[PDB]
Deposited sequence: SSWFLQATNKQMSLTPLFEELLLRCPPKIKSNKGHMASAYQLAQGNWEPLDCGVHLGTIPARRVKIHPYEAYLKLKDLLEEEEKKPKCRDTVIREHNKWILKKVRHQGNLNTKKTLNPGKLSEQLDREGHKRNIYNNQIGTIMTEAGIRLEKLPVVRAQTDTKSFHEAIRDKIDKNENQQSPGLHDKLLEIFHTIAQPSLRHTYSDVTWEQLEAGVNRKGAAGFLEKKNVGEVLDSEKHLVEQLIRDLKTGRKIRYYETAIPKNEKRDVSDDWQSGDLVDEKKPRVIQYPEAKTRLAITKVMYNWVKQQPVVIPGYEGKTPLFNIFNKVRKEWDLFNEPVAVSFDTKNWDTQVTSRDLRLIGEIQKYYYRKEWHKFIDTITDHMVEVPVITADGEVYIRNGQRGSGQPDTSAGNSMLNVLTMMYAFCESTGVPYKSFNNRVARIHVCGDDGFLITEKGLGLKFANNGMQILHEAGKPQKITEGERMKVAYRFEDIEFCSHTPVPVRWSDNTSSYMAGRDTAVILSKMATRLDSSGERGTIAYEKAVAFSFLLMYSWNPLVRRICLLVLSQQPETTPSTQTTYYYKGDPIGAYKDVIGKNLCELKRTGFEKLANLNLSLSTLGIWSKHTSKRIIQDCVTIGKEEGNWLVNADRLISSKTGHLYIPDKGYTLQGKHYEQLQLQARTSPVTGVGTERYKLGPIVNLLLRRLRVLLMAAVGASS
């Protein structure tokens, strides 16, 4: 049968199991009740770009397939005592100066870190914003109920991408959990080794380069687990709860134990009313998804690494191996001899540990021999050279995608100048993107940018850039030749740009800058050379939006 506190959902099954699981229980069914950034897409169109040609990503029958294909399974078998060992590894990275110190935060602190558009659970009424509007007392009640150990009616709703299965708990539950688990879930004091989730994209690789240079013969080994979420075990969850109890005040240990207990066996209700009982996995909607998977991925990799090379997990201090993670994505840097050893012995160990890596030839983990080749968070390092001849790194992506995300912002100008600024902060190493951004930022100087995106500025935009990058945009003289070119291959292979888009976009800039004055487009070293005019910027600061 099901666990006692889970039977409340059976008393609601109005129909017969229409799904077709063979391993997870399917009690039955219940009753059931993309735009363009005009100014940005325009500059792009005018430039000779073909918006239709750019890459972009429901079916109540294709969805039910995903469930049966990935979620319908037994818990991974895990080597006995594996969790005792992992917890043993956690003690080698625990921070004593924060032990038993975390607690809950105020609504004020929380409302500055939540999406008011958060979906409403299945059987639920309001959405995140609507609950904050008139139901905070109900969430506070949930908190006190969980804090004392009172089980609740926990369940998650399953929905397709907008065919990956997204599983999340009620908006009232995501609020109770986030309110108390805030600091860990949002990692304010980052306590997970190598977690880069809260690291600005424009800073990440200059940081990994510093590490890469402390090694004699540097090598990077990447983590390539498959459908990690489905590989999370009940015992994996118990572990993470124990770690959370290391950091939280004892007054919150019962809340953690309780909530973790609900997570070990979860009642899921598909958007089309189908009901199944998931057995120990990870639902992407869970507030602890990011931090929970990150710590669990680091512990598991540290374990696998030491178990492969012979290094004592007792204490490979550091400079022996540096690990960087973001959920399940991640890699590890180390000396060539040990990296190839981990590359050779890693998989079998990870497999026995319950985190099966994706199939590979000779069953080896992928290894990067050149820094430029590392892959992380959907990005890769791009080398840049400044006017004073110093070098540095920035985050590179395939330009085709950069263009896509930059136009289809699923729209005021005070908003499009913030999207442009944000992108100018992440991709000024790409002259196509860099210029599009300068053009969008040239219109309506009287309009202060929006605060609804990742980043936005205060004052002069170009001034704000110098603020976080450390140099003026005009000092950026060169981008890695082979790297830039490769990331631009897709624009030519998908016929997204014309053999004149590059020149056109430039003449559009020079035309604006040719006229005397202090025009924003003269911040781009090239345009400024062709116009003979410079852009003298003023005060400017970079702030976060969202």
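Deposited sequence positions missing from the model - stretches, numbered from 1, in order:
Missing from the model are residues 1-91, 125-132, 157-159, 265-283, 532-537, 674-720.
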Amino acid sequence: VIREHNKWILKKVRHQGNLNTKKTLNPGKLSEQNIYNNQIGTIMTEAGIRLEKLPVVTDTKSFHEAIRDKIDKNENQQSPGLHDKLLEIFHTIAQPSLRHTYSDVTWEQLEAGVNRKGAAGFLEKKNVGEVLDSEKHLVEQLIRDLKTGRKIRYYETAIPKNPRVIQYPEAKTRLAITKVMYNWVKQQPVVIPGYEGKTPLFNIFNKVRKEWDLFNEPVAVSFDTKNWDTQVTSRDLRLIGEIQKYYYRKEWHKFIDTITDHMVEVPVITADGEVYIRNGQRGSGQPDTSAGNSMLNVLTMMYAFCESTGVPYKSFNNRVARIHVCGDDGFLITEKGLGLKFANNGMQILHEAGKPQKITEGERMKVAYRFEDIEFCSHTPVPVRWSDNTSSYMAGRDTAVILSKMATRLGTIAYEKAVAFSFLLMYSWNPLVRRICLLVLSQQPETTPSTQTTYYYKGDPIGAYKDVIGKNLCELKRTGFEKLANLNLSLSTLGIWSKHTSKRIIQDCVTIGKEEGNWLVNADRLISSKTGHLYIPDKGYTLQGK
From here on, numbers count along this sequence of modelled residues.
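Look up the CA B-factors in the entry and say which stretch, 394-402 or 448-456, has the higher mean.
Higher of the two, by average CA B-factor, is 448-456.
Mean C-alpha B-factor higher for 175-183, or for 117-125?
Between 175-183 and 117-125, it is 117-125.
Which of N430, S315, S422, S284 ranks first by CA B-factor in the deposited coordinates:
Of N430, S315, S422, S284, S315 has the highest C-alpha B-factor.
Of the choices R434, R144, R153, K210, which one's C-alpha carries the largest B-factor in the record?
Spelled out: the listed residue with the top C-alpha B-factor is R153.
Chain-wide C-alpha B factor ranking for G194, given as lowest, middle or highest third:
As the PDB entry reports it, the C-alpha B-factor of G194 lands in the lowest third of its chain.
Would the CA B-factor of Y465 place it in the lowest, middle or highest third of its chain?
Middle third.
Lowest, middle or highest third: where is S490 by C-alpha B factor in its chain?
Middle third - that is where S490 ends up once the chain's C-alpha B-factors are sorted.
Splitting the chain's C-alpha B-factors into thirds, which one does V232 fall into?
Within its chain, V232 is a lowest-third residue by C-alpha B-factor, going by the deposited values.
For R478, return the chain-relative third of its C-alpha B-factor as stated in the PDB record: lowest, middle or highest.
Bottom third by C-alpha B-factor.
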